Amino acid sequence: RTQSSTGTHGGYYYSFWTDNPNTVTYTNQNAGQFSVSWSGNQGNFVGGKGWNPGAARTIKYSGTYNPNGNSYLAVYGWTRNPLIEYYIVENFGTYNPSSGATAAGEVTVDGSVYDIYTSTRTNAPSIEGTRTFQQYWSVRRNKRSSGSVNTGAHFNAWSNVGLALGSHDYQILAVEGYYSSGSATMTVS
C-alpha cells in the first residue's frame, strides 16, 4: 500500500508520499502552509511544500515541529544533468539522517555551522527511475524549527566538494518520519 500526491496548492508546489496511508495524515493549507500528523510508529513518509523547479533562493519557514522518534525537517530537492539529490537538514529526532555518508567539511551560514556529507546511491529509486546518482547533505548543528535558509550558500559549498548541481527539479521544505509519531505545521515562503 503506497500513496503519492503532488501538485500545486495555494500557489506552491507540494509533494506527499507514504507507504502507510492509515497512520499519516497530510493536510494542504493556505499559501505555503501544510500540516502533517503521524502516529502508531508505523510507516515511512515524506511531505511538504515548495517549488518546482527549485532555484538558488532564500527559503523562509516557520511553524511547529514535534517529532517523537525517527524524523527530520529539511529542505529537500533534486537536480537533473547531473542527477543529484540534496538535503539541508534543519532538525531531526533520534537518528541523524546523514548517517553512513562521507564527511566533506563544514559551511557556516544562517547562524550555524553545517556539517557537509556526500554519498553515492547505486541503482536506487530516483526522479528519473533506477539510477546511480550523487547525494549532498548539509546538517545544521544548531537544530531549529524556524528561520531562513540561503540555499545558494549550500549549493556553492557542495560544488567545491564534487560535481556541481544541474538543472533544478522540485525543491520543498520536507517533514519526514520513519516508524515514529509526531505532528508538524509549517509555512514556507
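Residue indices: 1-based, along the sequence shown.
Comparing the deposited coordinates for 96-104 and 67-75, the stretch with the larger average C-alpha B-factor is 96-104.
Annotation for 170-178 versus 13-21: the higher mean temperature factor (C-alpha) is found in 13-21.
Note on 139, 46, 149, 56: the highest value goes to 56, judged by CA B factor as recorded. Residue 81: CA B factor in the middle third of modelled residues in this chain (values from the PDB entry). In this PDB entry, the Cα temperature factor of residue 183 sits in the bottom third of its chain's modelled residues, the lowest group. When the CA B factors of the chain's modelled residues are split into thirds, the value for residue 27 lands in the lowest one.
In the deposited entry, the Cα temperature factor of residue 120 sits in the top third of values across the chain's modelled residues. For residue 33, the recorded CA temperature factor ranks within the lowest third of the chain's modelled residues.
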